[PDB]
Structures are given as C-alpha cells and as structure tokens.
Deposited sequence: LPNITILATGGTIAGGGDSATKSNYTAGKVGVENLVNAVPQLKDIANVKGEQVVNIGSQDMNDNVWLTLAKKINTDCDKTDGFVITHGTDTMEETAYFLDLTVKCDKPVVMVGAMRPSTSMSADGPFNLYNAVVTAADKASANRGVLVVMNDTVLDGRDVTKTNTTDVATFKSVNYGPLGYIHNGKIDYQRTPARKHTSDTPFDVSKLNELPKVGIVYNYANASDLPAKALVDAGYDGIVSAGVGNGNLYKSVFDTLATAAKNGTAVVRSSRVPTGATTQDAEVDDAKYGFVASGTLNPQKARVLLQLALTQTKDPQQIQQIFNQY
C-alpha cells in the first residue's frame, strides 16, 4: 500500500496517533505524520507558506503523497499558493474540518480518510494541489469557503469539482486547465519573504484611507475587492490610479463571490495601468500577485500571468 505523509499545521481534525483515531486508514495506506507548525488558520501567513512549499518540494522523493491538515478559514488561500509553488508531482491533498473532532458527528474523521484516499489514488496526480472536503475533490484555484458553518461549505463555485468520492473510489470527470505546480515559473525555494500585497474593500461611501496607508507603507501591490465587475469607489480609484503610475501593482478583483472580474469592460485597465483578476477572488488574487511580483513588475506582464495561472 502507498506511503502517505500527513503534514499538520494546527490542531488535530480527528480523534502522530491519527492512525488510531481513524483506524481504517491503515487498510488503505502506510501513514506517518509531522507537525510543521501549530497555529489557527486565521493567523496563517507568509512564513508558514514558504516552509510548507519547501518541505513538500524537499521531501517529495521520500513518500508517495502528501495530506495537509489545515484550518478551514484560510485553507483556500494556502491551497492556491501551494498550487503555484509545489514542484512535486505526487498528489498534495489539503483537508480540514468544519466541526471540532470532539463534537457530535464530527466531519474530520471521514474527511481525513477521503483525503488519504484521494492522495493515494494514482488518478489524482497531475491535477495540481487539491482540497478534499465532504466527499468531493476540488482544485486549489477555484475552491473557496462558501458558508460560515456548513460541513459542505467548500465549493469550486465557478468551474465545479474534479470528482466525487464514494466508498473509497473517485470518479474523476474534470481537471484544471490553468497551469499549476511544475508548469509555473514561480520558485520560492530560496526566498525568505514574499512581496507585500494588501487588499482593500469597496462599498458605498468608501474611504481611501486604507488604500492610502498601504501606499504610504510602500506596499509592492494592492488587490481591490471591487463592486460588481471589479469597480472601485471614486476615492479608492483615484488613490489606486495615482499609485499605479508610480509603480504599485494594482489588481481589480471583486467582493462578489462568483464570476470573473473581466478585462476592458468597466475600467480602462490599459489607461490606468491596472490588472483584472479574472475569477480570482480578492484573497486568491493576492496569492498570484505576490508570486507575480517575484518575476516581473510590469502591469502588462502580470496581466498575462493572471490570464495563464
């Protein structure tokens, strides 16, 4: 049976003695566990992302597959960052739990089994970094937390899941078209920090003060959580238009939960030097802007990255 390595970033999701908390694991894989860090995923950050990507890239030859236990609140961010930076061609399957392991009908035990199932399936390779939640296999790019409490909260709300899991078997009927893992230029192996990218929210009577404080602090890039198709309130627009011209990378995304922020529709991106996020929501667009800045600062080149990854 396959060797699967579970990497923990926080508290347990089942019951390392995960094999005894969920004993059916041993029937389908030889499982070992390492505790890379122990934090709540709302405090997730750049430092954790780099050592995770380094650890998976380094240990790729020792194992057949990676399962990562992670909190749910930012799992969709870490999955996309790894989706872009992992160079290992074995499956990397992220999993968490919407109910705590010691509460009634806890979801983590079965989620973990299914995560392991997915990570040991030979059909799972070459589909990029995955998230396995509620009997479903979702790609790291599009998967997002959809509901604040529901066990079924994780959905790929724009293009759908890759496969459903029934009785330890996976019917895979899709694979992500955007370039992932190996197909990307991004290499973080020797980086110790990551370009500073903040996110500002748009609303009625919106303040430019948040955007201005990131401009003042010399942030390399800003992501706008626009309204509608990536639209900005006039104050925020002016502040970010100014900032664009003097070298800040500005990416128009949207607060709207589904749908692309499209190029040349509402906003002359070419005129102002902006970048349209596509279907990347603000926190997802941040992850790609961070990595884009490490290869080029040119707004047209970043846009092409946003259309390719």
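Residues 16 to 32 form the only stretch of the deposited sequence with no C-alpha coordinates in the model.
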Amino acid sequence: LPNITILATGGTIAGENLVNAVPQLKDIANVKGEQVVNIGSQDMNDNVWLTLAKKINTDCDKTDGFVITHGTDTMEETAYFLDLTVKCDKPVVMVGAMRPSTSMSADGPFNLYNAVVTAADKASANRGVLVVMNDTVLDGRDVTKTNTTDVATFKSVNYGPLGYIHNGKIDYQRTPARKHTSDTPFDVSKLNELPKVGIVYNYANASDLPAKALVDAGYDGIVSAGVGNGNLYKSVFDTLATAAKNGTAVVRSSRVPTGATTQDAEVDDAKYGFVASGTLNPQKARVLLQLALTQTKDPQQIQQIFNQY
From here on, numbers count along this sequence of modelled residues.
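Across the two stretches, 114 to 122 and 210 to 218, the PDB entry reports the greater mean Cα temperature factor for 210 to 218. According to the PDB record, 192 to 200 carries the higher mean C-alpha B-factor of the two stretches 156 to 164 and 192 to 200.
Taking the deposited Cα B-factors for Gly108, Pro185, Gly228, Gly71, the highest one is held by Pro185. For the set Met44, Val67, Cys60, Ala260, the PDB entry puts the maximum C-alpha B factor at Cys60. For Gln283, the recorded CA B-factor ranks within the lowest third of the chain. Only modelled residues enter the ranking.
Remark: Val151 belongs to the lowest third of its chain, ranked by C-alpha B-factor as recorded. In this PDB entry, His180 carries a Cα temperature factor that places it within the middle third of its chain's modelled residues. When the modelled residues of the chain are ordered by C-alpha B-factor, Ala243 sits in the middle third. Compared with the other modelled residues of the chain, the Cα B-factor recorded for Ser254 ranks in the lowest third.
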